[PDB]
Amino acid sequence: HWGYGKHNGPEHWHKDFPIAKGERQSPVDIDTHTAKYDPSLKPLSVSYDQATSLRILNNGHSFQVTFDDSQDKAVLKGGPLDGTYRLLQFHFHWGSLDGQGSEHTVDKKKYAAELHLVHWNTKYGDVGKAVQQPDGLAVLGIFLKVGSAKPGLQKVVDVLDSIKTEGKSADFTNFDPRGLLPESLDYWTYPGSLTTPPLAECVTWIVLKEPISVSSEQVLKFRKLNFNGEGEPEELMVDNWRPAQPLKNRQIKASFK
Ligand SMILES: Nc1ncnc2c1ncn2CC(=O)NCCc1ccc(S(N)(=O)=O)cc1
Ligand SMILES: [Zn+2]
């Protein structure tokens, strides 16, 4: 099955998922000088005060924190979106070294990691129906650079030792995703895809201009996780990012001058 190694990595995915070579694939390079400022874009509305985190899980390609999406508790609206999108989960993509790990790039610059907050359009009732729609999902992407620690991330990194290998999970309640957001909600947006199989072309991407800073000790804890299950040869969970895909007939818009 698919992964991030030499023999099953991103250059192989198109064999099982031919949409990998489609017209609106993600991630992409964000050319900041070619993005078009669109003063008709609204501010993003991030309403996370009633978020209910449930569990944290090593799924073999990342780790994810999952939320109760049975009600409008933590929702994204506005920006380029029509309607209301419910937070399902967040996860990260990261590198073996600090100069790579993000999926999106900015003027070809790679960041150490990229946070994805995954939301689905309540129009479609469940995330399985939403992935089959061109406007089914909205993913909020946030870049991580290495420097000062992000205090709001520490509760996450401290439990990773308990989900080291594929398939492990743990309860993970009362985690507040607002402690992962940067000051500014200035963003770029473009139509795209999931960055892991099935690579469905169902995502409105909203990528924040301002990265968050995390400490070296925080990102090193990411790099101790395992792709493998317990009892298999240890393969560190690093470089779990898809590289930039061709922009083709798309324009990236900016909410900011
Ligand atoms: N816990 C849950 N409850 C209900 N349904 C759930 C679920 N977990 C998974 N499903 C199905 C699902 O979500 N498929 C989409 C997977 C996805 C891929 C890549 C990106 S990415 N890298 O583009 O952001 C983001 C999301
Ligand atoms: Zn992702």
Side-chain angles (χ1 to χ4, degrees), residues 1-10 12-13 16-17 19-20 26-27 51-70 74 86-96 101-104 112-120 126-132 136-142 144 153 155-173 175 177 180 192-200 202-203 205 214 218-243:
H1 268 340
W2 66 273
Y4 293 93
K6 170 171 168 209
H7 296 281
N8 64 351
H12 294 271
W13 291 352
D16 285 302
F17 307 94
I19 198 61
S26 294
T52 299
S53 62
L54 294 168
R55 302 192 65 75
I56 193 168
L57 160 68
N58 177 336
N59 60 27
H61 44 98
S62 182
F63 71 91
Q64 70 172 259
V65 175
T66 64
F67 290 80
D68 171 20
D69 63 350
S70 72
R86 279 189 196 162
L87 176 63
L88 172 57
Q89 55 104 329
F90 69 76
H91 63 270
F92 299 80
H93 304 272
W94 63 91
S96 53
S102 68
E103 299 205 304
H104 294 86
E114 187 171 331
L115 163 65
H116 288 162
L117 294 127
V118 184
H119 317 74
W120 53 274
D126 67 72
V127 54
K129 279 284 169 210
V131 292
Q132 283 149 339
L137 273 58
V139 184
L140 179 58
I142 302 170
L144 278 55
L153 182 61
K155 274 148 98 154
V156 170
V157 296
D158 276 338
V159 306
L160 296 183
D161 74 281
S162 76
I163 56 160
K164 179 178 188 181
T165 46
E166 172 176 346
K168 298 191 103 190
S169 66
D171 77 76
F172 196 67
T173 61
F175 181 75
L180 301 174
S193 71
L194 309 176
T195 66
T196 55
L199 305 169
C202 63
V203 177
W205 275 99
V214 303
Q218 289 185 317
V219 196
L220 282 176
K221 305 214 159 137
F222 287 11
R223 298 182 182 141
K224 304 291 224 77
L225 295 164
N226 278 11
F227 279 132
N228 53 277
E230 192 177 355
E232 284 158 32
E234 176 164 26
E235 295 183 80
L236 294 189
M237 187 181 282
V238 296
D239 292 318
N240 59 347
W241 49 278
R242 190 193 194 187

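We use all heavy atoms of the structure for the numbers below, so side chains are in, but hydrogens, waters and symmetry mates are not. If you read the sequence from its start, that first residue is 1, and numbering goes on from there.
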**Q** Would you check if the side chain of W2 reaches a backbone N or O of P198 as a donor-acceptor pair within less than 3.5 Å?
**A**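 Checking the backbone N and O of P198 against the side chain of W2, no donor-acceptor pair under 3.5 Å is found.
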**Q** Could you pull out all residues at least two apart from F172 that satisfy ring pair (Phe, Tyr, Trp, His ring centres under 6.0 Å)?
**A** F175
**Q** If the condition is side-chain contact (heavy atoms from CB on, under 4.5 Å), which residues does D158 pass it with, not counting sequence neighbours?
**A**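 So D158 forms a side-chain contact (heavy atoms from CB on, under 4.5 Å) with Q154, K221.
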**Q** Can you name the closest pair of heavy atoms from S193 and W205 and give their distance?
**A** O-NE1, 3.0 Å
**Q** Would you mind writing out the side-chain donor-acceptor pairs for residues 56-63 within the sub-3.5 Å range, not counting sequence neighbours?
**A**
| from | atom 1 | to | atom 2 | distance (Å) |
| --- | --- | --- | --- | --- |
| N58 | OD1 | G60 | N | 2.8 |
| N58 | ND2 | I163 | O | 3.2 |
| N58 | ND2 | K164 | O | 3.1 |
| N58 | ND2 | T165 | O | 3.4 |
| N58 | ND2 | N226 | O | 3.2 |
| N59 | OD1 | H61 | N | 3.0 |
| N59 | OD1 | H61 | ND1 | 3.3 |
| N59 | OD1 | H61 | NE2 | 3.4 |
| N59 | OD1 | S62 | N | 2.8 |
| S62 | OG | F92 | O | 2.7 |

**Q** Rounded at 0.5 Å granularity, tell me how far CG in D171 sits from OG in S53.
**A** 9.0 Å
**Q** For residues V118 and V203, determine if any side-chain heavy atom of one lies less than 4.5 Å from a side-chain heavy atom of the other.
**A**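 No; the side chains remain at least 4.5 Å from each other.
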**Q** Given the rule in the side-chain contact (heavy atoms from CB on, under 4.5 Å) test, do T196 and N240 qualify, once you have shown the distances and angles that lead to the verdict?
**A** CA-CA 10 Å; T196 55; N240 59 347; over 6 Å; no
**Q** Please answer whether the main-chain N or O of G3 pairs with a side-chain N or O of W13 as donor and acceptor at a distance below 3.5 Å.
**A**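 Answer holds: yes.
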**Q** Is the NZ atom of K168 crowded by more than 12 outside heavy atoms at less than 6.0 Å?
**A** yes
**Q** With under 30° as parallel and over 60° as perpendicular, where do the rings of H7 and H12 fit, or are they tilted in between?
**A**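 Taking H12 first and then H7, their aromatic rings sit tilted (interplane angle of 30° to 60°).
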**Q** Looking at CG of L87 and CG of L140, how far apart are the two atoms once the value is rounded to the nearest 0.5 Å?
**A** 9.5 Å
**Q** If you take all heavy atoms of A130 and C202, which pair is closest and at what distance?
**A** O-CB, 3.9 Å
**Q** Determine, step by step, whether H93 and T195 satisfy the side-chain contact (heavy atoms from CB on, under 4.5 Å) criterion, reporting the C-alpha distance in whole Å, the side-chain angles of both residues, the deciding distance to 0.1 Å, and the verdict.
**A** CA-CA 10 Å; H93 304 272; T195 66; 3.9 Å; yes
**Q** What distance separates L220 CG from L160 CG, expressed to the nearest 0.5 Å?
**A** 12.0 Å
**Q** Hey, mind stepping through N228 and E234 against side-chain contact (heavy atoms from CB on, under 4.5 Å) and telling me if it holds?
**A** CA-CA 6 Å; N228 53 277; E234 176 164 26; 4.3 Å; yes
**Q** Parallel, tilted or perpendicular for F227 and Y4, by the 30°/60° rule?
**A**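 The rings of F227 and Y4 lie parallel, inter-plane angle below 30°.
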**Q** Mind checking salt bridge (charged side-chain N to carboxylate O under 4.0 Å, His left out) for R55 and listing every partner two or more places apart, or none if nothing turns up?
**A**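 Applying salt bridge (charged side-chain N to carboxylate O under 4.0 Å, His left out) to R55 gives none.
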**Q** Would you find a donor on one side and an acceptor on the other, under 3.5 Å apart, between the side chain of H119 and the backbone of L117?
**A** yes
**Q** Testing the basics here: between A74 and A51, what is the closest heavy-atom pair and its distance to 0.1 Å?
**A**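 Minimum heavy-atom separation between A74 and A51: CB-CB, 3.7 Å.
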**Q** Could I get the full list of side chain to side chain donor-acceptor pair (under 3.5 Å) partners for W120, not counting sequence neighbours?
**A**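 Here the qualifying residues are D69.
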**Q** Check for a donor-acceptor pair, side chain of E103 on one end and backbone N or O of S26 on the other, with a separation under 3.5 Å.
**A**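 Looks like no, no N/O pair under 3.5 Å.
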**Q** When rounded to the nearest 0.5 angstrom, what is the spacing between CG in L225 and CG in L236?
**A**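 Spacing of CG (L225) from CG (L236) equals 9.0 Å.
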**Q** List the steps, then state whether side-chain contact (heavy atoms from CB on, under 4.5 Å) holds for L199 with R242.
**A** CA-CA 11 Å; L199 305 169; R242 190 193 194 187; 3.6 Å; yes
**Q** Does any part of the side chain of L180, heavy atoms only, come nearer than 4.5 Å to the side chain of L115, both counted from C-beta?
**A** yes
**Q** Excluding sequence neighbours, so at least two apart, what forms side chain to side chain donor-acceptor pair (under 3.5 Å) with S70?
**A** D68
**Q** With rounding to the nearest 0.5 Å, note down the distance linking CG in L54 to CD in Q89.
**A**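 Answer for the CG-CD pair, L54 versus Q89, is 12.5 Å.
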**Q** If you take all heavy atoms of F222 and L144, which pair is closest and at what distance?
**A**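 Result for this residue pair: CE2-CD2, 4.3 Å.
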